[PDB]
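Report on one structure; see the data block that follows.
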4 protein chains.
Amino acid sequence: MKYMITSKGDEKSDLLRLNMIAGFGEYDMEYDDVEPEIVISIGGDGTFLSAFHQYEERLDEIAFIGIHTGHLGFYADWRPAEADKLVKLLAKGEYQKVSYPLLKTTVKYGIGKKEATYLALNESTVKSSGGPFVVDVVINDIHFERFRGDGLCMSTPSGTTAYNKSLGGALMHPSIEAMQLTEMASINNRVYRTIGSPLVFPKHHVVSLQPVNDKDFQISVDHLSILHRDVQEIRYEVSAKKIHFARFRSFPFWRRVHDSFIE
Amino acid sequence: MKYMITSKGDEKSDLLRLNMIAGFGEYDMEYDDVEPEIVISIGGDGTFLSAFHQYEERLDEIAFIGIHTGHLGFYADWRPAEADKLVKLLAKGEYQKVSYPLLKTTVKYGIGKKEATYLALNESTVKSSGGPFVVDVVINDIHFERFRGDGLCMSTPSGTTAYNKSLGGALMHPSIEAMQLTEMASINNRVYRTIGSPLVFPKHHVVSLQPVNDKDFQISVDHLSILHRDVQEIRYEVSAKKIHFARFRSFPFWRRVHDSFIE
Amino acid sequence: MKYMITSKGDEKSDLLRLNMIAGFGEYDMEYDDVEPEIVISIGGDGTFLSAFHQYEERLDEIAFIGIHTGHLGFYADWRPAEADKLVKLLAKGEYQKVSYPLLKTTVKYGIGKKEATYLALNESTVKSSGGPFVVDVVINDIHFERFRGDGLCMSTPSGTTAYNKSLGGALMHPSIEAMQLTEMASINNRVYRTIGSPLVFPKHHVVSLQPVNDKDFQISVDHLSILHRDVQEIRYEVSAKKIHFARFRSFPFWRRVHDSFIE
Amino acid sequence: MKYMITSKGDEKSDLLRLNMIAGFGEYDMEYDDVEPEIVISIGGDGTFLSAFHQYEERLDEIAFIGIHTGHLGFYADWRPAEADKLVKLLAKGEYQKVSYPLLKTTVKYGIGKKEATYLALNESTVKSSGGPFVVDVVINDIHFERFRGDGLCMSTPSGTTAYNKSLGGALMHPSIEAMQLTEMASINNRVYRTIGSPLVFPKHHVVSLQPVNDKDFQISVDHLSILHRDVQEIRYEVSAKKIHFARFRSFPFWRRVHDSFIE
Ligand SMILES: NC(=O)Cc1ccccc1C(=O)NC[C@H]1O[C@@H](n2c(C#CCOC[C@H]3O[C@@H](n4cnc5c(N)ncnc54)[C@H](O)[C@@H]3O)nc3c(N)ncnc32)[C@H](O)[C@@H]1O
Ligand SMILES: NC(=O)Cc1ccccc1C(=O)NC[C@H]1O[C@@H](n2c(C#CCOC[C@H]3O[C@@H](n4cnc5c(N)ncnc54)[C@H](O)[C@@H]3O)nc3c(N)ncnc32)[C@H](O)[C@@H]1O
Ligand SMILES: NC(=O)Cc1ccccc1C(=O)NC[C@H]1O[C@@H](n2c(C#CCOC[C@H]3O[C@@H](n4cnc5c(N)ncnc54)[C@H](O)[C@@H]3O)nc3c(N)ncnc32)[C@H](O)[C@@H]1O
Ligand SMILES: NC(=O)Cc1ccccc1C(=O)NC[C@H]1O[C@@H](n2c(C#CCOC[C@H]3O[C@@H](n4cnc5c(N)ncnc54)[C@H](O)[C@@H]3O)nc3c(N)ncnc32)[C@H](O)[C@@H]1O
């Protein structure tokens, strides 16, 4: 099939990529980095996230695979020593796909800027452009809280082991179609009040962040962070789109969690 | 239809119950506390939990309703002033039902005691019988961690605003079919290691707690707490059974959260 | 004595200031905003912090007083209705002083920039200039941890009810001569490890933050935040200097905590 | 001098104890477990805590030393391989002493039971006798909060790395004369409100816990836990007494923290 391989660009990852290309040449496998059906990332989770975003417009037509040439990644979850076996099994195809949910972020502006949408595999976060971050949090059109603090983080299920975890969020199995909102350093006193707890939302729930005074915000989607100006609204919802993984063996999520954080 | 009304037993709740019975007498509504189709609880969330457990063997045939005669409850979410309207609308029926997921707890013993199962609407917790609480946590047959601490709490979605919240757990919308495990005071040092974060599990995942040395544990299910002896295993999974509520208007979960914790 | 009054600059605060000046004119009290012995701040805690920093070079010669024209402040802890009584009692003098500890922050640079020192009444924080914040944390010359995360916060005792509290830090009575370090969103996994817990340091302990790769950091001291370039070291220690308050009645710290966060 | 040695009672610890006694016999060192001047504990931190409580009535006349025959302890902080060097240096004396602060707990009863005082090296905790734990928290005679939850923990400085740490408390250098209060699972909602944050108190501050309805409590002091009945008040304050350690080299607290929790 059409495939491509992205590399972290260090010596180890580049050599593994060239060797896998040579192995794929021994099968009916065409290299095409325009319309691949298979996208292999070699490096770490950052490499894998860049691969996802390089091809985010063809997600339903691609099966992703990640190889970690450093320590075990949550997406880059296969070892370099298994690369030949990976080549053999992808070339023959007939493998099963596993799908993880994604986060849709919509940013609406004042007039002159059209709204923009972004897809996240880990999370989207919002922080101020300097000074206090203050937004009204509106859930399905219901005013829930006025948040004053450092920022907010909205995570996918597979993102829950990343920034979300450092913020106190729950780890959620990625078969759950949900998104999770965590606080960054909310103030709570006689004047200001937030829920504190992480909040877990199902599909079709919409969380809208609306500015109170300052309208400039630093918005991140996975590794990318951009200062957005004259923002009127930031809307989060579970995406209808899904990322598809090729799996060639059982490596359960909870075992990946164990392997990464416990032992 | 057949209905019954349970009361907290204070003056306010008993009088409201007698008045609602009188109002139901004005319709085709038979009082039956053996096979009710409608179970109305008057008091607080504790009253409602006792109603649920009184009828937990006929859950698929009952629609529950809670009236709070004190402050707003998460299950006792209707005001005494709306009791006449409640009577009018239940008697005519034709109302919609809302279903929340439940937690199944299985306790297995050494020989001589048969296993026991319990259903929880809020949560099930496990604590030691004195001294350190130590269990191996096994998720779908995979050894995940050895927990040493004060205890563990496994919450339903609607339970997440209760004990779970006080333990740092996420609040989850109750349409998500899941259960959530939180720690109570785990030790973490060079010898001992736990995940720390709350863990959110989907349907069909099984979490098994297995004793390491001491085999006696204090096990709670909602308000009930019993010392269990010669325990071999405690198994948690999302139940196939569901509790059904009568709803006569929109009172969204996230608005109940807001009303209870924010303002 | 020489005194001055700083105002938040809203209508309420400016009018109170002019009225207090008129009342001071009825005594032997000279207005001097160059060498005051008394510095009265009218507004909120931000106003009070700006007063402190305006006069931070004459701290041993000044008694500070804060009036809150909004809600109760932890430094602006007297009501506008008591302004006449305040005037009467300051003019006659003979009042007792209360002293709170301060935080000394030293920033050392590469060659071409001389080191700079800053005094904090609430806290000093450090965050990256974009991207991950990574520093080695060295305590009395002993390498304690490599921190990777969003940032770090070092609080005075009276600062512990401010940013420190939002970060999970302990509240400490301000008679304790100490400083407290809290984390902002540290990553912890197989590669990265931090203590997690807030750390409380006595006088003469020195905490040194040393860069690992990136050398640009956003450093804050109380309300002020500056991007510092080519930083070699950030050193924290309890200052030898103290801020002095005039007190005219008992308003215990723990009662201020209660009044601000409990009821 | 007079000395004694307490052992964990496993094979390793008993043999080390007999060998150290033999080595002490080669000097002017008399074994006396009634009035020792030196108390050596061999085992773990639990062994050391039992040694402390065995001799808590002669604390000003004793220098304690702990050897860990398992992993490094915070009190049992010397290795078995250094036992001969320990013998040599204790026998010659002339070593420096290091002192850590202690916690005084007073339990007052209804009539018929006289008040009781207890000294803690790690912490004192209070939990209910079954059901909710509810106390009024009074700080220097000022009503601070009504706590409803699982319990409360009051830690010494050297205790802050123990239970206190698992409860979210700050780690405090043990030269600070203070005690630290942490919550266990407080409920917070529209009816109930606590500070949440750990609270750090200096010497001479008194924290009084007063029952609201139930008067039976499980009170722990270090490893010991007793059910106390008809309790009227539990009072915490930093003790005037101090525990004294023999030190024969620099092993800084923050390095012990690093060695135990980081690497
Ligand atoms: N490039 C950087 O350095 C960013 C960073 C900033 C501050 C502090 C730490 C880092 C960090 O080291 N990053 C990578 C490590 O994250 C592991 N990783 C990644 C990923 C990725 C690529 O980077 C982008 C992601 O970084 C995260 N992130 C942002 N801020 C924080 C924070 N304060 N604490 C914790 N994580 C944070 C946020 O989720 C971004 O999407 N995905 C996952 C995952 N699903 N599950 C488990 N581990 C994951 C990956 O394997 C590494 O071990
Ligand atoms: N009878 C007691 O007093 C128990 C208790 C013990 C210690 C500290 C506090 C209490 C407590 O006051 N209980 C009731 C308050 O809980 C509200 N409530 C109840 C319920 C119920 C009936 O009681 C049993 C439940 O109590 C909980 N619980 C046990 N320990 C803790 C803890 N440490 N912190 C927080 N909650 C705890 C645990 O979930 C049990 O199922 N359900 C919910 C819900 N889904 N969402 C939001 N609020 C809820 C209810 O409306 C009241 O406001
Ligand atoms: N100007 C802003 O808005 C900053 C801010 C940014 C983000 C989120 C909230 C705010 C915030 O609203 N600020 C003021 C409120 O802080 C009360 N206050 C102040 C003070 C002051 C003046 O501002 C500067 C201080 O702000 C703090 N700060 C920075 N980030 C955070 C954060 N994420 N969460 C919580 N506090 C944060 C940090 O300590 C700075 O020194 N001192 C104290 C005090 N000793 N004890 C109790 N309350 C205090 C004051 O009375 C107000 O109620
Ligand atoms: N006997 C048990 O098993 C109790 C226990 C119960 C539940 C969960 C864990 C344990 C536990 O394993 N105990 C010992 C481990 O504690 C280290 N240790 C000890 C000590 C001691 C002797 O035991 C009594 C102490 O236990 C603590 N404790 C009570 N509950 C909890 C909890 N939930 N989480 C964390 N610690 C808890 C509480 O401070 C008691 O005074 N002192 C310290 C110290 N100053 N600094 C650092 N580590 C310490 C010691 O070296 C071991 O590594």
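Here, A, B, ... name the chains of the structure tokens in the order displayed, residue numbers run from 1 inside each chain, and ligands are numbered from 1 in the same displayed order.
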
Checklist entry - What lies within 8 Å of residue 221 of chain B using only C-alpha atoms, ignoring chain neighbours under 2 positions off, as a list in words? => result residues 118, 119, 120, 122, 123, 124, 125, 219, 223, 224 and 225 of chain B

Checklist entry - Taking only C-alpha atoms and all ligand atoms into account, which residues are within 9 Å of ligand 2, as a PyMOL selection string? => result (chain B and resi 44-50+71-76+120-124+155-167+220-224+257+260) or (chain D and resi 131-134+147-151+184-192)

Item to check | Residue nearest chain C among D:99, D:129, D:19, D:175 (counting only C-alpha atoms) | outcome: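 Under the stated criterion, the closest residue is D:175.
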
Next on the checklist: Show me, as an NGL selection string, the residues of chain C whose atoms get within 8 Å of chain D, using only C-alpha atoms for the distance check.
Outcome noted: :C and (139 or 142 or 144-145 or 165 or 168-173 or 175-176 or 193-195 or 197-202 or 254-255 or 258 or 261-262)

Export of prior selection with C-alpha atoms as an mmCIF file, in the first residue's frame:
```cif
data_model
loop_
_atom_site.group_PDB
_atom_site.id
_atom_site.type_symbol
_atom_site.label_atom_id
_atom_site.label_comp_id
_atom_site.auth_asym_id
_atom_site.auth_seq_id
_atom_site.Cartn_x
_atom_site.Cartn_y
_atom_site.Cartn_z
ATOM 1 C CA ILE C 139 19.336 23.268 47.942
ATOM 2 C CA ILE C 142 23.012 19.823 46.989
ATOM 3 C CA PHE C 144 17.808 17.958 44.778
ATOM 4 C CA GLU C 145 15.789 17.414 41.598
ATOM 5 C CA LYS C 165 -2.506 28.535 47.964
ATOM 6 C CA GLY C 168 -1.577 23.491 46.706
ATOM 7 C CA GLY C 169 0.849 25.033 49.164
ATOM 8 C CA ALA C 170 0.385 25.109 52.932
ATOM 9 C CA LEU C 171 -0.843 28.288 54.654
ATOM 10 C CA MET C 172 1.829 29.322 57.176
ATOM 11 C CA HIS C 173 1.497 31.779 60.044
ATOM 12 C CA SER C 175 5.616 34.763 62.351
ATOM 13 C CA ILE C 176 7.474 31.733 60.914
ATOM 14 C CA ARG C 193 10.841 12.835 38.802
ATOM 15 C CA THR C 194 10.102 15.658 41.234
ATOM 16 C CA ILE C 195 9.129 15.720 44.888
ATOM 17 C CA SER C 197 5.015 18.195 47.706
ATOM 18 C CA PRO C 198 5.491 21.851 48.660
ATOM 19 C CA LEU C 199 8.815 22.418 50.427
ATOM 20 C CA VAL C 200 9.224 24.765 53.398
ATOM 21 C CA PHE C 201 12.686 26.230 54.025
ATOM 22 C CA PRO C 202 13.991 28.116 57.100
ATOM 23 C CA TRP C 254 -6.008 32.929 61.302
ATOM 24 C CA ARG C 255 -9.095 35.070 61.648
ATOM 25 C CA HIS C 258 -11.198 32.452 58.144
ATOM 26 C CA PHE C 261 -11.841 31.724 52.681
ATOM 27 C CA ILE C 262 -14.431 30.234 55.066
#
```

List as a PDB file with N, CA and C atoms, in the first residue's frame the protein and nucleic acid residues near residue 2 of chain D, meaning an atom at most 8 Å away when only C-alpha atoms are counted, but skip any in the same chain fewer than 4 places from it.
```
ATOM      1  N   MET D  29      31.666   1.104  78.227  1.00  0.00           N
ATOM      2  CA  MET D  29      30.273   1.272  77.836  1.00  0.00           C
ATOM      3  C   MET D  29      29.454   0.188  78.511  1.00  0.00           C
ATOM      4  N   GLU D  30      28.540   0.616  79.370  1.00  0.00           N
ATOM      5  CA  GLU D  30      27.695  -0.252  80.173  1.00  0.00           C
ATOM      6  C   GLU D  30      26.306  -0.368  79.538  1.00  0.00           C
ATOM      7  N   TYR D  31      25.824  -1.601  79.361  1.00  0.00           N
ATOM      8  CA  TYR D  31      24.472  -1.835  78.860  1.00  0.00           C
ATOM      9  C   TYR D  31      23.476  -1.607  79.995  1.00  0.00           C
ATOM     10  N   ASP D  32      22.507  -0.728  79.767  1.00  0.00           N
ATOM     11  CA  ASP D  32      21.492  -0.449  80.783  1.00  0.00           C
ATOM     12  C   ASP D  32      20.249  -0.015  80.027  1.00  0.00           C
ATOM     13  N   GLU D  35      18.215   3.330  82.489  1.00  0.00           N
ATOM     14  CA  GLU D  35      18.663   4.714  82.335  1.00  0.00           C
ATOM     15  C   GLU D  35      19.794   4.825  81.316  1.00  0.00           C
ATOM     16  N   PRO D  36      19.556   4.457  80.056  1.00  0.00           N
ATOM     17  CA  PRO D  36      20.570   4.715  79.030  1.00  0.00           C
ATOM     18  C   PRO D  36      20.744   6.204  78.758  1.00  0.00           C
ATOM     19  N   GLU D  37      21.953   6.559  78.333  1.00  0.00           N
ATOM     20  CA  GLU D  37      22.239   7.858  77.746  1.00  0.00           C
ATOM     21  C   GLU D  37      22.210   7.811  76.234  1.00  0.00           C
ATOM     22  N   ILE D  38      22.327   6.614  75.669  1.00  0.00           N
ATOM     23  CA  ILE D  38      22.349   6.380  74.239  1.00  0.00           C
ATOM     24  C   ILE D  38      21.350   5.277  73.958  1.00  0.00           C
TER      25      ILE D  38
END
```

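Nearest residue to residue 234 of chain B, choosing from B:141, B:10, B:115, B:77 and counting only C-alpha atoms: B:115.
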
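As for atom CA of residue 179 of chain D and atom CA of residue 59 of chain D, they are spaced 19.2 Å apart.
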
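Comparing the minimum interatomic distances between residue 98 of chain B and each of B:41, B:208, B:60, B:214, counting only C-alpha atoms, we find that B:60 sits nearest.
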